[PDB]
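One structure below.
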Amino acid sequence: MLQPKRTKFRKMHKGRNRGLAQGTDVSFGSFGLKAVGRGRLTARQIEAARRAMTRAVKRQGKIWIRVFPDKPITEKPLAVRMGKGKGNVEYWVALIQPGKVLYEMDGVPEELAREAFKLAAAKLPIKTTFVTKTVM
Amino acid sequence: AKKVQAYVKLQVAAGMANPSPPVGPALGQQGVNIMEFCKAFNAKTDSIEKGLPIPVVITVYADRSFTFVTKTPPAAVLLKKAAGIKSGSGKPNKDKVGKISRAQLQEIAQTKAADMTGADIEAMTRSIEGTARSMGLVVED
Amino acid sequence: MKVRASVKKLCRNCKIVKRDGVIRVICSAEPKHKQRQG
Amino acid sequence: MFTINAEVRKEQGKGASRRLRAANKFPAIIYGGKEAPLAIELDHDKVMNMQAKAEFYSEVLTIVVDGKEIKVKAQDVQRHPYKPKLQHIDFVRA
RNA sequence: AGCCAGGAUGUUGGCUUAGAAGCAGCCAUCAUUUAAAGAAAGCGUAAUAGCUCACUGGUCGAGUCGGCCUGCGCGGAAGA
Ligand SMILES: [Mg+2]
Ligand SMILES: [Mg+2]
Ligand SMILES: [Mg+2]
Ligand SMILES: [Mg+2]
Ligand SMILES: [Zn+2]
């Protein structure tokens, strides 16, 4: 699973996920899986999908992962009042705006890259679409 | 040459007629005999050799036994003694295993006056060239 | 028959049909393929 | 050989360009040379399919604004964030 | 689209094969008769297989196929 190896601070303000996505072009492979919606991907999420696609293609071609967690999420357990301090980090997410390319890949037939991305997509909380490399 | 009316093929080698170990019970059942599998067997087996496998017709109508004129020994049979290994596969493609040559198996399958495809006889040359490449040997053509 | 949100062709003998307001899968080859409620 | 038709833009800025795209035309621009740049407006579908052919980005295309013919090369696109469509184009008058 | 034909030859394919003859096996995926036909599509036998398919002739006689941008709908939908 992904997460910072280390960070300047344990916890972050909740923040908001407004805006459109930077990193919108298949810029490392031939095909990409792009975010069409807004939301959070969790490490397990990213990984569940990563597996899905990696196995679809077998030990073939290459893969990149453009998004990376770095956003720590805390929770309060049950039977606890409000307050008395910010909760305990339990996992990491990456904030996803629409447009984000999520995973790229090459070294495989388009059709396969599609199948593979279709599969990983099913593991994802947000809508996605198949994209392709472009001149310019 | 009309339709479906008796014919099979489950043997081992012409140098042991009728075998019970490999084919056994299933060589005489439908107007076909496990005993008579030798009379028309050696109607010209030994007349040539007992060191080559050959399957054959059956042809039946309800008659006592069965009439089945024969033809060729395959071309995979003539790669054990006359063109390399006796196993065959080896490690079919991890390494080239064994090797052959264009001259080897030319005449061995050009003799085929009872089987083959290619009015051009150079054609059914390469139309036997593969029953050696089925084990992925090596091209010394 | 199998009933559920996503219903799909499974064989080449599968067919999709709508009867009343209801998506159904109909397979001429395999009863296990018969679906409803798509 | 690639031929793109284009009106010039009777107005500019965000409101107008949005209104353009809402209407299935998108805005673009031409510059380079000693002439002033030209606020252009292209029809979406037509320019789209054109740019699908790679030749579009390498070849010298010819834009056509009221009768006159401008010789250009595609310089930059701004594509939609996730849809098969163009939001803007830079053309280099060359 | 439909209906008539064919779907062959190295080759029953050599094959860590007890038996496989396409078939979980085994690796390759080459080769000839052709209009075309896969060491491979199939329910699948003790192994044959019997029987439809990917493919290509005939028939028929004008449209047909499915991705893109989009409007409105449909299923997904169980409570006192
Ligand atoms: Mg009813
Ligand atoms: Mg405004
Ligand atoms: Mg037709
Ligand atoms: Mg609905
Ligand atoms: Zn079915």
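Using the numbering of Swiss-Prot, the residues shown for chain B are 2-142, in order.
Per the header: X-ray crystallography, 2.8 Å.
Even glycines carry a Cβ here, placed using N, Cα and C.
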- Task: Have a look at B:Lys45, B:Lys72, B:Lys113 and find the one that Swiss-Prot tags as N6-succinyllysine.
- Result: B:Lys72
- Query: Hey, which of B:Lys40, B:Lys82 does Swiss-Prot call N6,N6,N6-trimethyllysine?
  - Reply: B:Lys40
- Cα-Cα, B:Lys81 (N6-succinyllysine) versus B:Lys40 (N6,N6,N6-trimethyllysine), nearest Å, comes out at 28
- Task: Determine, to the nearest whole angstrom, how far the Cα atom of B:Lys40 (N6,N6,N6-trimethyllysine) is from the Cα atom of B:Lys72 (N6-succinyllysine).
- Result: 16
- Once DSSP output is merged into helix, strand and coil, B:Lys81 (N6-succinyllysine) belongs to coil
- Task: State the Cα to Cα distance, in Å, between B:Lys72 (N6-succinyllysine) and B:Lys4 (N6,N6,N6-trimethyllysine), rounded to an integer.
- Result: 19
- Out of B:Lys4, B:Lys40, B:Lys81, the listed modified residues, fewest other Cβ atoms within 10 Å surround the Cβ of B:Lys4
- Note on the structure: Same chain, |i - j| six or more, Cβ under 8 Å of B:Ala2 (N,N,N-trimethylalanine); the result in sequence order is none
